[PDB]
Amino acid sequence: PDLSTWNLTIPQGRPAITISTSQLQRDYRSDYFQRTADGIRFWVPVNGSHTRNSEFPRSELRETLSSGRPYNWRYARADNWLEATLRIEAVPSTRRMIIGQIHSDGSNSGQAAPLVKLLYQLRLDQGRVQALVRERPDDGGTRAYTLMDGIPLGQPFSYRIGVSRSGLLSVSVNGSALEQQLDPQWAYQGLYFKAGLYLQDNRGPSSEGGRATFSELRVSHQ
């Protein structure tokens, strides 16, 4: 996958370090992020470090300009899409983790919160992917929609998250989708894509954590 348009936050350093787009391009490799024959391999130990405003570790990409500068866009400028193919290889005790998001920069709202978070949850031996969407930028909560179930560890699945230039939010897994016209307050918020592994668990042995390989990861604003 093309890493030209991403920078990466890892679960090491206190607070957590953000690897620049430049450093990422120079074939950066570590236990937390590796370019493999199967794509990009993410790994986040449950006891890894956290960003200054979060309580959970992550090895997650954040959208940027090729210059490494954070890229926040308003949907009206074009058709925005994030497309991925991945397989979950390991999960933490809580058995859930964020695998993708459309986050808000909070430039024109009281908070910087995600518009949508894709959550993978392994229940026993079958994993399901839920889309947690918040109706308005300042909302305190989100609504969960199960897009797909029956995805065991190792089984590849695809997902796509996007917002049309007219404001139509589209979220899907294996093609199973949910479409929603965005509330007008979203039209003037800076939005950005994220992909990787963001845990929602922070306790356990170093041997515990989340792991996944993305065989496909494309971002486009056409």
Side-chain angles (χ1 to χ4, degrees), residues 1-3 6-19 23-25 27-51 54-63 82-103 114 116-132 146-161 173-174 193-219:
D2 184 358
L3 276 35
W6 305 104
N7 69 188
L8 170 77
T9 290
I10 55 168
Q12 186 175 308
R14 305 185 185 298
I17 305 296
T18 288
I19 302 157
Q23 299 176 320
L24 193 53
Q25 307 309 307
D27 304 319
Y28 166 85
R29 173 189 296 284
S30 71
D31 290 353
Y32 320 114
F33 177 94
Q34 317 173 189
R35 285 166 147 290
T36 62
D38 283 356
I40 301 173
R41 190 194 299 288
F42 292 94
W43 156 250
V44 294
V46 71
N47 86 298
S49 59
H50 326 309
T51 47
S54 181
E55 303 298 353
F56 318 83
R58 84 185 80 205
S59 183
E60 181 182 49
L61 305 168
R62 113 68 102 179
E63 195 177 9
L82 199 217
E83 307 170 359
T85 299
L86 72 157
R87 67 195 180 203
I88 303 303
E89 301 176 5
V91 297
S93 296
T94 289
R95 316 189 81 165
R96 60 159 35 196
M97 40 190 216
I98 300 296
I99 61 177
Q101 325 177 58
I102 285 187
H103 204 112
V116 184
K117 296 178 295 182
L118 279 183
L119 193 133
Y120 177 88
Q121 165 178 40
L122 175 66
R123 299 187 297 178
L124 280 299
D125 291 332
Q126 299 300 309
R128 68 167 174 179
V129 175
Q130 288 187 133
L132 309 195
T146 298
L147 298 178
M148 180 72 42
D149 206 317
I151 304 167
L153 294 184
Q155 174 68 195
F157 59 98
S158 65
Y159 77 63
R160 296 198 317 154
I161 311 172
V173 180
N174 285 170
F193 287 127
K194 297 197 78 181
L197 295 180
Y198 178 24
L199 299 189
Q200 295 298 77
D201 190 4
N202 61 184
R203 69 275 185 176
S206 175
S207 64
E208 178 182 312
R211 178 155 54 87
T213 293
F214 281 66
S215 56
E216 172 193 52
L217 203 190
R218 329 209 304 290
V219 166

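The analysis underlying the following values was restricted to heavy atoms, covering all of them including side chains, and did not include hydrogens, waters or symmetry mates. In this chain, residues are counted from 1 in sequence order.
For the atom pair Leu86 CG and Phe42 CZ, the distance stands at 9.5 Å (nearest 0.5 Å). Residue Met97 holds its CE atom at 14.0 Å from CZ of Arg58, rounded to the nearest 0.5 Å. To the nearest 0.5 Å, the span separating CD on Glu60 from CG on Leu197 amounts to 8.5 Å. Of the inter-residue distances, the one linking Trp6 atom CH2 with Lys194 atom NZ reads 9.5 Å to the nearest 0.5 angstrom. The CD1 atom of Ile151 sits 5.5 Å away from the CG atom of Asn174 when rounded to the nearest 0.5 Å. One distance of note links CG of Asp2 with CG of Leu217; it measures 9.5 Å at 0.5 Å rounding.
Nearest heavy-atom pair, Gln101 versus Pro114, reported as atom, atom and distance to 0.1 Å: OE1-CB, 3.6 Å. Closest approach of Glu63 and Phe193 over heavy atoms only: OE1-N, 2.8 Å.
Judged by distance alone, the side chain of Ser49 and the main-chain N or O of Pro11 form a donor-acceptor pair under 3.5 Å. In terms of modelled atom types and a separation under 3.5 Å, the side chain of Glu208 and the main chain of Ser93 share a donor-acceptor contact. Side chain of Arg211 to backbone of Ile88: no donor-acceptor contact under 3.5 angstrom is found. Checked by atom type and distance alone, the side chain of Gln25 pairs as donor or acceptor with a backbone atom of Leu3 at under 3.5 Å. No donor-acceptor pair closer than 3.5 Å links the side chain of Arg41 to the backbone N or O of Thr213. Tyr159 places a side-chain N or O within 3.5 Å of a backbone atom of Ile99 that can act as its donor or acceptor partner. With hydrogens and angles ignored, the 3.5 Å screen pairs a side-chain donor or acceptor of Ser54 with a backbone N or O of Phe56.
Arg96 and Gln200 share no donor-acceptor pair across their side chains, judged by distance under 3.5 Å alone. Looking at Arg62 and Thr9, their side chains never bring a donor and an acceptor atom within 3.5 Å of each other. Checked by atom type, the side-chain pair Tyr198/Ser59 shows no donor-acceptor distance below 3.5 Å.
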